[PDB]
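The chain that follows stands alone, in the form deposited in one PDB entry, written as structure tokens.
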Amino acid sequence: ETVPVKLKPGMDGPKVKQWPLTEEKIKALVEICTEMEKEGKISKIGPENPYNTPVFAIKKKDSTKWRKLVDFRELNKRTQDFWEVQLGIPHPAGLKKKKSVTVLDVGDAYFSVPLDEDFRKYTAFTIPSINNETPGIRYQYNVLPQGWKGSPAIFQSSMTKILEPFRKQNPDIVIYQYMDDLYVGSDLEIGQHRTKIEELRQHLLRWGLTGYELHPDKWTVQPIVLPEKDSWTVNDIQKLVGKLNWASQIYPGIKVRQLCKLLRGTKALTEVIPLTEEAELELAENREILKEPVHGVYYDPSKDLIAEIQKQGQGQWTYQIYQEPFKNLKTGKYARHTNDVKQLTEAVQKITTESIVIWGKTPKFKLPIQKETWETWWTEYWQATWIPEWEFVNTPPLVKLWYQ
């Protein structure tokens, strides 16, 4: 007996366009839906269904098997009241504290549960043809679709049951469910951890359900880093007071006066200048200041999370997560046969998964790329069962350095 889904009032189904797919991914998808149709998970549909969600074919992490990935970002937004303020899955602040967190796929739990007949249409998607030889193959789900945030919201009750024994027997293990995945944290020895996971997999196995090791607690800083040196130049000071200046506003109490007076008159850039010790007091206070958190910055659940990424060079990328510009909740660095897109994709997922662990919600990405490039390529490297939201930006010449 299905639970009923109602769209967020005065708004209706997603009518999202479908990206051109390559022959290889189109065939991979046809085979899949052919089988899903048989299993009765989805059903072909008539023109009288105006909706659409894009569908892609990914390969996963170190996998030879094609996997289907439906982009329910739009459908998600239009149902936010259901899966959030009505059938929400509480996020445990304990998770981020665990020595080890393992990620398991659980999306297969949904095809055993039926979808509200009246909501089915909203899950329509298309398998495109090539050179428009023919009409795409239209489908709609009959069961909880993977990728749709309503799925784990509904399955919540069944999941709670599936896990009751395990949890009862390991009160110090944290299990969080974010969409298709299960996050299991423990402070156990790796071997005892790996063991409990396999033990947890068995429970899962008795209900049908059939890891990837994260180590949150060892997720540390990345303070703005000021250079230490012998023999300074007008330039280096200039760079220093500029970087230190920008470090302010976000960092509380950054002083630059001292460093500034050394730059008096109009001198050459190459010209070397002796650092007055008080200046060092500043570098000291600033360095010390920079090596700490922010103070005053807290996460507000009613606010979207934002992630900026900067291409530094040589396989290195920097990133910051905040809700209010300059009020950084977290910042770090992802370091790499990898190309710019492959690498950037890998950062997006890395950051996202941490966000899911820390705040139990994904950031909206500001990607330093061409909307078009990203769009054609991102799928060749996507491995996640979810997709974060993203806009495209032109990185600010300075921000990149101030963060290196």
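Start at 1 and count along the sequence shown; that's the residue number.
Note: missing coordinates for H337 occur in a third or more of the other compared entries bracketing this position. For the cut-off of one third of the other compared entries, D62 qualifies: that many or more give it no coordinates while modelling its flanks. In this entry, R336 is separated from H337 by 4 to 9 residues of the deposited sequence that have no coordinates. Going from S302 to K303, you skip over nothing: the modelled chain follows the deposited sequence without a break.
The stretch 61-69 shows the higher mean C-alpha B-factor when 61-69 is compared against 38-46 in the entry.
The deposited model assigns a higher average Cα B-factor to 375-383 than to the other stretch when 375-383 and 340-348 are compared. Per the PDB record, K291 has a higher Cα B-factor than any other of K330, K96, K239, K291. Per the PDB entry, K218 shows the highest C-alpha temperature factor of the residues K161, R194, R167, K218.
Sort the chain's modelled residues by C-alpha temperature factor and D105 lands in the lowest third, per the entry. When the modelled residues of the chain are ordered by C-alpha B-factor, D180 sits in the lowest third.
When the modelled residues of the chain are ordered by C-alpha B-factor, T318 sits in the lowest third. When the modelled residues of the chain are ordered by their C-alpha B factor, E189 lands in the middle third. Per the PDB record, residue ranking by Cα B-factor puts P9 in the highest third of the chain.
In what follows, reference is made to the form deposited in another entry, a form of this protein that is not presented.
The residue from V221, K361, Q177, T22 that marks the hinge of the rigid-body rotation between the shown form and the other one is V221, the others lying more than 12 positions from any hinge.
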